[PDB]
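Take a look at the structure below.
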Amino acid sequence: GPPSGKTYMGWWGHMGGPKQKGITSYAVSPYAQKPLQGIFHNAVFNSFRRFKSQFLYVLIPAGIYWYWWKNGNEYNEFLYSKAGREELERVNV
Amino acid sequence: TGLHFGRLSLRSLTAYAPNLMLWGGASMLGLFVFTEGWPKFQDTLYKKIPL
Amino acid sequence: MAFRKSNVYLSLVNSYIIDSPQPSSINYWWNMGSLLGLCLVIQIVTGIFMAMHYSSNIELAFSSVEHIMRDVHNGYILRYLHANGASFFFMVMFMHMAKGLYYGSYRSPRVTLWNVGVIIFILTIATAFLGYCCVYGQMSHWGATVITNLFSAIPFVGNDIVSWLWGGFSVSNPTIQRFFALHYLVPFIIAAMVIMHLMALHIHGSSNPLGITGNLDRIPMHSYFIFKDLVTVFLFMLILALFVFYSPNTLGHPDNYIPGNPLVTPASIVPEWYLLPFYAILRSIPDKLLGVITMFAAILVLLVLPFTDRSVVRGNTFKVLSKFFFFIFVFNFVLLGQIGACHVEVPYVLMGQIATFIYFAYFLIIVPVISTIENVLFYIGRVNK
Amino acid sequence: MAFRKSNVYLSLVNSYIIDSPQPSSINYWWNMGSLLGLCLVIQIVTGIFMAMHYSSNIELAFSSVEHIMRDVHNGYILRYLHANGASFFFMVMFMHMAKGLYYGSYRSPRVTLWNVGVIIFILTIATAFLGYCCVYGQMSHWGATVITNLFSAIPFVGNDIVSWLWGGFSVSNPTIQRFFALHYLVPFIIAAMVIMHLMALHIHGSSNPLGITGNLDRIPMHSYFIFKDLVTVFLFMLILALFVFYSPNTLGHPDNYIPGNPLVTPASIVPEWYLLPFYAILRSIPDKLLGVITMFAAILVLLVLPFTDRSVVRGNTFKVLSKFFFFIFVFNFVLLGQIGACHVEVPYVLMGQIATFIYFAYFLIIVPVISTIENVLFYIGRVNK
Amino acid sequence: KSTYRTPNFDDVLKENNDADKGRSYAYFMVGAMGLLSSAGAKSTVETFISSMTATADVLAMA
Amino acid sequence: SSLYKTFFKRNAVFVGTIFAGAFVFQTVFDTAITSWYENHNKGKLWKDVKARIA
Amino acid sequence: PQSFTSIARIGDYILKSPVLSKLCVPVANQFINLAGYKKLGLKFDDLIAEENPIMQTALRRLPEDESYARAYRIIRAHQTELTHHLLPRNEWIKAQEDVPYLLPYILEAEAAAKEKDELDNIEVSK
Amino acid sequence: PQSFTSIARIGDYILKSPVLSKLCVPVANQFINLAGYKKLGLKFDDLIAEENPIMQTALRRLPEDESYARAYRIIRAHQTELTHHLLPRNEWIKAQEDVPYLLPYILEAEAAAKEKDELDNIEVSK
Ligand SMILES: CCCCCCCCCCC(=O)OC[C@H](COP(=O)(O)OC[C@H](O)COP(=O)(O)OC[C@@H](COC(=O)CC)OC(=O)CCC)OC(=O)CCCCCCCC
Ligand SMILES: CCCCCCCCCCC(=O)OC[C@H](COP(=O)(O)OC[C@H](O)COP(=O)(O)OC[C@@H](COC(=O)CC)OC(=O)CCC)OC(=O)CCCCCCCC
Ligand SMILES: CCCCCCCCCCCCCCCCCC(=O)OC[C@H](COP(=O)(O)OCCN)OC(=O)CCCCCCCCCCCCC
Ligand SMILES: CCCCCCCCCCCCCCCCCC(=O)OC[C@H](COP(=O)(O)OCCN)OC(=O)CCCCCCCCCCCCC
Ligand code: HEM
Ligand code: HEM
Ligand code: HEM
Ligand code: HEM
Ligand SMILES: COc1c(O)c(C)c(C/C=C(/C)CC/C=C(\C)CC/C=C(\C)CC/C=C(\C)CC/C=C(\C)CCC=C(C)C)c(O)c1OC
Ligand SMILES: COc1c(O)c(C)c(C/C=C(\C)CC/C=C(\C)CC/C=C(/C)CC/C=C(/C)CC/C=C(\C)CCC=C(C)C)c(O)c1OC
Ligand SMILES: CCCCCCCCCCCCCCC(=O)OCCCOP(=O)(O)OC[C@@H](O)COP(=O)(O)OCCCOC(C)=O
Ligand SMILES: CCCCCCCCCCCCCCCCCC(=O)O[C@H](COC(=O)CCCCCC)COP(=O)(O)OCCN
Ligand SMILES: CCCCCCCCCCCCCCCCCC(=O)O[C@H](COC(=O)CCCCCC)COP(=O)(O)OCCN
Ligand SMILES: Cc1cc(C)c2nc(SCc3c(C)cccc3-n3nnn(C)c3=O)sc2c1
Ligand SMILES: Cc1cc(C)c2nc(SCc3c(C)cccc3-n3nnn(C)c3=O)sc2c1
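These protein sequences, in sequence, are chains S, V, N, C, P, T, G and R.
Using the deposited numbering, the first residue of the first sequence is number 2, and each one after it goes up by one.
Using the deposited numbering, the first residue of the second sequence is number 11, and each one after it goes up by one.
Using the deposited numbering, the first residue of the third sequence is number 1, and each one after it goes up by one.
Using the deposited numbering, the first residue of the fourth sequence is number 1, and each one after it goes up by one.
Using the deposited numbering, the first residue of the fifth sequence is number 31, and each one after it goes up by one.
Using the deposited numbering, the first residue of the sixth sequence is number 4, and each one after it goes up by one.
Using the deposited numbering, the first residue of the seventh sequence is number 2, and each one after it goes up by one.
Using the deposited numbering, the first residue of the eighth sequence is number 2, and each one after it goes up by one.
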């Protein structure tokens, strides 16, 4: 077959990273350790720790785009009212 | 030494240009091929002196 | 070698969903691309069975949808799946594309992966328009009138493009008979663009939430990411069950249960909810030539994002100014969708004018200024000079 | 390397139609497989434009084909191309499969190439049946009656399969509305089986008229077999022009210009000319269960040919007894087609009975006896013992 | 230190490692999740082929 | 012992008995929910008002 | 796929028989000339398909002076086909040089394959 | 794709300026801790994308005692992410060992690339 251009990934055996030396790795069977391990103390303090970092990056952009729409919904509710009679005649035309 | 190119090799400034005035005379001329049968702005084609 | 890597066709299955080297670090946001292969199978399969009981003439169109719903055996199961499933098709695709610009995968070497994905998003908007015009309700007539009238603003070309798009002089009977035949075909062009989309992924693989390379710690697809796949596929079909059987008409307009009339006009003409932010951009420009240019050059502004990111780190994980401007772009796409279902009034014309400028200042003014400030702030915070 | 072998998609184009190593010896019979990629493009393209002006209801079906032919601009060009082009689709495919069993390519290592080709021939017969039932002429009603009545002979299953195939109790209005929706889909399944068909060719290449290996003398595709391709593509569209403009109704039945009536029966019900040899095999067995088994196990008798050839030389070039029995099988497929357009009379029931036995004695009795006699006659003609 | 000194796994380990303890409860659950996916998948293929039967206004003209 | 080699080891069972148990599952469980639906809603059905008009 | 072993088993029985080899051997000679493979400059052992693991074995064991002269007879035949002509009568293989150069290497690659399977399906008892 | 030549050109000008480096350097320090890459056991030069032909040059020229210790910091960070925890405070990189080990090899692979293109687009005259 014709070989195409080289890329930044290989396969099993020649993945294309750097050479390693001196790292050991241990493991146990899944059949040998407990069932139903990760249920509690994850969604008690651990999962509570995760979104505690990334909630001041969402709710501050949310508190501006919800102040802005709720403020302009009490204004297309006052211009089409009876007390908003002289203030609609000047704005639309 | 420190002269004109960005991502293009700019030494082809008009070493790309006057022949694509004639590929522009071959692709806008390509739009002088498919505009037929579509008599909408082909008043811009059918005023030639023969036929 | 085994038989699964010796056969012609099984080695295509083995290289993609069995022994494909995946990173060890990816989370549940890399599952939205798998649901979209199931979402496209559902919408094609339920539509071929509904095409056996449908008549595309303009005097029979709002009676073959009702013949399906009361006479066909389990015909209400077929339709409600093909009307809430397409709104489920879009909620996943909005979350697929939003992940890929957070982790920032559009970068090198995956730019062809990002460019064939923008073509899929254009062809997906076009099918949902062409099929919603096949019910021929009251929203289905005045939605095709407003959109096809925009192509008359092209100078010296306009009224010979609309009369070719209509087959007549308004939204007639040849307009509905050509919109069904194009509704059958473009779902088969999307499926050939998904096959080309998977090819550009096989040569570089997926990214990771860290951004850095992942060729040092990899895991095969079988027994780990197939059993991580089925967690979200059983959650998908469970919320696709709580709509088709309990609230089958919440995502829809009641005016589509009136047959379409070219003589009485509705009090409001508003789109389906996933075309609403693109509707407020068209209505914000007070010209029908500069309004149709702006709305088409808002799906095609994604192609300038590979050339506008000036940072050296990939993805917005460790970037705290490029994370505050990702969540301004999110709630601006929600405020744009809200305004496209309002009336043309004060202040919903100046609010839809500012917020369609923030759609364009992100990709062109906000990205390259903030992705350059960070490159200096990662430098002078370390280098002792 | 160049850009055409570095890109993701262009290297797929380069490996197939630019730099694919071809043998130096192939003749003009290796061009019929290229016409079938053009034949399938024509039939899909002309059919999407004719699907914009068609109504599939049983009371509108024989008036939307005439509205195309009298009112649509150049609508007679579209229909006559889509009715003489499908009869051109089949004359090439009968010559494609006949080459591949002369040069005997079905052998090792190309058996998956022969098995995915038999699946294409089954799905091609099914589209031409389902689309000829969409005109709803007089031959289009009594042809669907005779064929769908055969599925009642299945014991304990029969009358619950026909009533599911009909949507009623005879060939009703739900029968015509489901046959058009299946006519749009199976041409898109054939195109995905042609992509799998080309993959099994890229790993072994083509054969040659000599039979022997051809890895010693090869020529690329560009500038030689592309300019040898265009000789036959300009001959194809020239005889596709002498029919659509000069004799557009020779390959057809005049009874299809009468609207179909379930109360008056025609004096003769005969198929289109390319289903005629398979029609005489069904009518030759005097039982409606053993007749529908025999006609389906006559397209599926091609799969036993890789296991029945006992020769050591590939192809019938130097085989003079295996060449006399290739041209008996050819003129037997012509006599079978002639009898399927006759009356059920004497002697056209005993002639169609003998000649449907020679269709089966070829693949099972004539091939392995003659391909074994030749292996001994190539041996004792040389070996001095 | 040395590679012959494995780290401690007793924070995650069972206290009685009989082999059939986890070989039964990991085939009852994969057995139960191939039983509902066999009855919950025949009923879906049957709903799509019941629609091609005789329509309700065709059974009235019987 | 005597629980894993009953019907958990054999895949001819583990393809068959996961399928055979679905047959009795689509009859007992189907009848069990088409008797809770009626008993929750009784007095509002057609059979309850056809016997009130005698 | 009709095994050379079996071809040679039947073929030797006709050649040993003195009454059968006055019936089959003239039919074997007209079948060779009407095949016409000699006019393209080829012996018969060139024609054999080589896409199985026995013919791939019998080609490696062939001597290199014969392996080079066979690669030229194939290339000379691909060019005679393309020009649609025939070779001159000075370049036709005669009736004496058409001998099996590949049949000794074939018959022993088969007999070694009919011992590796007989020794792997075996019912020895004590 | 901003260039460290250009990053270092701007960055040195702020560090040389005594009035600018009392405005930008505390903002540069809170931006580092809020990035949080040290808690996963990584220096900053680990984070840089390596899919261009300049970062592939600067990684070969790196010494092997540093090339082995960097392949372990990456693998230790892929496992801290999967378990959704963080490393203990005894395995966090402090504010003294976060130094650029790759910036000398980067800045000279760029200056040699800004001479091969300046010498191929050149207008010398007689
Ligand atoms: C109509 C569309 C329906 C389509 C089906 C639902 C689509 C889901 C899309 C949401 C998503 O993919 O975000 C995933 C994210 C998980 O973050 P992570 O992967 O870092 O932690 C994995 C965990 O630790 C291990 O999770 P584990 O495997 O241990 O347990 C199972 C998990 C439920 O599995 C799921 O599928 C969750 C989506 O248990 C739960 O986590 C409880 C949740 C019900 O979850 C979040 O962070 C929550 C963000 C809110 C999402 C907002 C979406 C706006 C539309
Ligand atoms: C529905 C049909 C649509 C059109 C498709 C046409 C199908 C064609 C299939 C027939 C075929 O391919 O057989 C090829 C056969 C000769 O086999 P060969 O390749 O060894 O000879 C190459 C030649 O020496 C060089 O031919 P050369 O390249 O020199 O010139 C080309 C020639 C015609 O070109 C063709 O396309 C022929 C098909 O130009 C001329 O003759 C000038 C005329 C003014 O050519 C023959 O003449 C045999 C005809 C008998 C076949 C009848 C079968 C029909 C059922
Ligand atoms: C034309 C193109 C337009 C398309 C743009 C469409 C944008 C709107 C689409 C719907 C909004 C959904 C997008 C939100 C998901 C994007 C993906 C993403 O943000 O990445 C997940 C990231 C996870 O953060 P983690 O730290 O936990 O993971 C480790 C990596 N740092 O981030 C997280 O922290 C998880 C997200 C937190 C939930 C908040 C989601 C937004 C809530 C509003 C939903 C919108 C519907 C009202
Ligand atoms: C599932 C069921 C399968 C059914 C498939 C059977 C369909 C039969 C339809 C007949 C059309 C096929 C015609 C034969 C095409 C394949 C033959 C072939 O590939 O070439 C054989 C032969 C080549 O001979 P050479 O060119 O090599 O001679 C050079 C001398 N060295 O070429 C020749 O010698 C030319 C001989 C031409 C014979 C013409 C017969 C065709 C008759 C068609 C009648 C049409 C009626 C509608
Ligand atoms: C990507 C694939 C598809 C999408 C997103 C899609 C979307 C839609 C939508 C949103 C509607 C309007 C539903 C309503 O509000 O009533 C619709 C209608 C319809 N579509 Fe689909 N569709 C897809 C594929 C198909 C295909 C392939 C077919 C043909 C086989 C088809 C056949 C129909 C039919 C017949 C209607 C008629 C109206 C109805 O029955 O509700 N669809 N489509
Ligand atoms: C029918 C529509 C689509 C299908 C079936 C699809 C399929 C997939 C799949 C299976 C993956 C790999 C798994 C994953 O990363 O989650 C993927 C990744 C990706 N998709 Fe899509 N996709 C679709 C639409 C899109 C669109 C609309 C875009 C962009 C505008 C897009 C851009 C990407 C990118 C950039 C990636 C790579 C992400 C990464 O590897 O980090 N895709 N897609
Ligand atoms: C392999 C591809 C195809 C084959 C062999 C085929 C064949 C045929 C044939 C033989 C007829 C009968 C023509 C007549 O006697 O009037 C027919 C009718 C028809 N076919 Fe096709 N067809 C193909 C693809 C398609 C496709 C993709 C469409 C999609 C819309 C289509 C649309 C039609 C229509 C609308 C008719 C109506 C009758 C007429 O207009 O003549 N066909 N088809
Ligand atoms: C739409 C239908 C088909 C298409 C587009 C197609 C296409 C092709 C092409 C392009 C080739 C390359 C060699 C050549 O050009 O002759 C080929 C070869 C072949 N085809 Fe088809 N074909 C089709 C139908 C079939 C059928 C119906 C069969 C058999 C029942 C078949 C069996 C074969 C075989 C055995 C070969 C190999 C011949 C050789 O290499 O000597 N094909 N096909
Ligand atoms: C990064 O690593 C990954 C990875 O993480 C994942 C999740 C996946 C898996 C994700 C997917 C989305 C799967 C791939 C998607 C497809 C194959 C979808 C394309 C196929 C279709 C759209 C098929 C369409 C369906 C039909 C044509 C059926 C037609 C209907 C018929 C015939 C019924 C009518 C019949 C009758 C009798 C009425 C990978 O493949 C992969 O490797 C790249
Ligand atoms: C032996 O050597 C060869 C060889 O000889 C050849 C010819 C090829 C070339 C390959 C082929 C000829 C295969 C042919 C491929 C097909 C037939 C696939 C085409 C399938 C389709 C479905 C195409 C049709 C697609 C459409 C979208 C229809 C168009 C409809 C439109 C544009 C709608 C019109 C309406 C509007 C509003 C524009 C080889 O690859 C090859 O190497 C193996
Ligand atoms: C659990 C998950 C769900 C299950 C999913 C199953 C497994 C998922 C894996 C997905 C597999 C995707 C792999 C993509 C693929 O199929 O590759 C393409 C096949 C290769 O063949 P080809 O070259 O396309 O065909 C051959 C083609 O390349 C022929 O091209 P040609 O005609 O030569 O050029 C075009 C015409 C140009 O002509 C001109 C204009 O000159
Ligand atoms: C298998 C069925 C699927 C359907 C057919 C599969 C593909 C068959 C061939 C189809 C024609 C494809 C030719 C396109 C060539 C375009 C060149 C190119 O891709 O350049 C790409 C960029 O293209 C894009 O941005 C997306 C284009 C979408 C294409 C949609 C048709 C860049 O090429 P590249 O990055 O490899 O160059 C680096 C050189 N050092
Ligand atoms: C479809 C879009 C194209 C995109 C890429 C294609 C993706 C491949 C789809 C996966 C197909 C999986 C096939 C695995 C089994 C193949 C076994 C095999 O090699 O069969 C070959 C040939 O048979 C076939 O052609 C079957 C092709 C399968 C196509 C389905 C219609 C061996 O045949 P067999 O083992 O039955 O022995 C001969 C006895 N008749
Ligand atoms: C690129 C592109 C293409 C198309 C085709 C397109 N179309 C729309 S809005 C159509 C509409 C209106 C204006 C009013 C009521 C209902 C619908 N309508 N029509 N289909 N659907 C799903 C709807 O909601 S933006 C857009 C953008
Ligand atoms: C496997 C298979 C499938 C099918 C579906 C099939 N069908 C026929 S024969 C149909 C027919 C008759 C009996 C009489 C008049 C006209 C038509 N007729 N219907 N369509 N076309 C093109 C026709 O000629 S054999 C056959 C074999």
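We put the CB at the ideal spot given by N, CA and C, even for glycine.
Residues bridged to residue i (per DSSP)
i      : result
G/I49  : C/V313
C/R218 : C/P23
P/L43  : S/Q34
Local Cβ density within 10 Å of residue i, reported as buried at 16 or more and exposed below that
i      : result
C/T175 : buried
P/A86  : exposed
N/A267 : exposed
N/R382 : buried
N/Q138 : buried
C/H73  : exposed
S/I65  : exposed
C/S108 : exposed
Residue i beta carbon near ligand 1 (any heavy atom closer than 8 angstroms)
i     : result
T/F11 : no
Expected contact under 8 angstroms - CB spacing of residue i and residue j to nearest Å
i      : j     : result
N/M32  : N/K99 : 7 angstroms
N/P347 : N/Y80 : The Cβ separation is near 38 angstroms, so there is no contact.
Closer than 8 angstroms: residue i CB and nearest ligand 9 heavy atom
i      : result
N/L198 : yes
Residue i beta carbon near ligand 12 (any heavy atom closer than 8 angstroms)
i     : result
G/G12 : no
Cβ-heavy atom distance, residue i to ligand 15, below 8 angstroms
i      : result
C/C133 : yes
G/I123 : no
Distance cut-off 8 angstroms: residue i Cβ against heavy atoms of ligand 10
i      : result
N/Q177 : no
- Counting only runs that start and end within the stretch 48 to 114 of chain N, where is the alpha helix (DSSP H) found for 4 or more residues in a row? 61 to 70 and 75 to 99
- Would you list, in sequence order, the uninterrupted alpha helix (DSSP H) runs of no fewer than 4 residues that lie entirely inside the stretch 237 to 322 of chain N? 276 to 282 and 290 to 296
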